[PDB]
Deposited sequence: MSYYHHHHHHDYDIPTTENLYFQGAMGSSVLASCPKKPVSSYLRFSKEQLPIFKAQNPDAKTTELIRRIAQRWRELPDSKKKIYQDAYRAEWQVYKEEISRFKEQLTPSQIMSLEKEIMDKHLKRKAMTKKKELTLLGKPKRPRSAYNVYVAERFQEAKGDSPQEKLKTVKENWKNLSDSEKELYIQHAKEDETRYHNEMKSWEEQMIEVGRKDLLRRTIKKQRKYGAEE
């Protein structure tokens, strides 16, 4: 939002120009091709590309880098300090949410046992604007679900006792 008007995006590199001009042509030629082997064949062609194309792509890249450098030098004066603080808080929050995301993904990538379910949750799962219906079922609450919710966790209890066994072997002693 604020970052876009404050400054544009970085220039695309030589290998990126090569991908821009050649890969869509290669993609258009092969209809069933997917991006994995498309990008790998593009890499193969670039490794086979003559050095003249590399040189001209590098010249374009450095011209764009120079014009971006001048644009940035002009831009640093055209932003009022309030926009600077807004940018700083934006990047700080972005870093925090990215770190939270990767920590959550790390935790879930080791097969963490599920948290104990709820009796109302089990009831609404069996019974089944999603927000409207969630509010409806919540206000309505106000198959042995009560015991099964704890029973599942006791069923999951044998997992978490086992879930500590690999971590000490693998070497992640902080989790326990």
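- Item | Gaps in the model (deposited sequence, numbered from 1) | Holes in the chain trace, numbered from 1: 1-27, 156-161, 176-182, 217-230.
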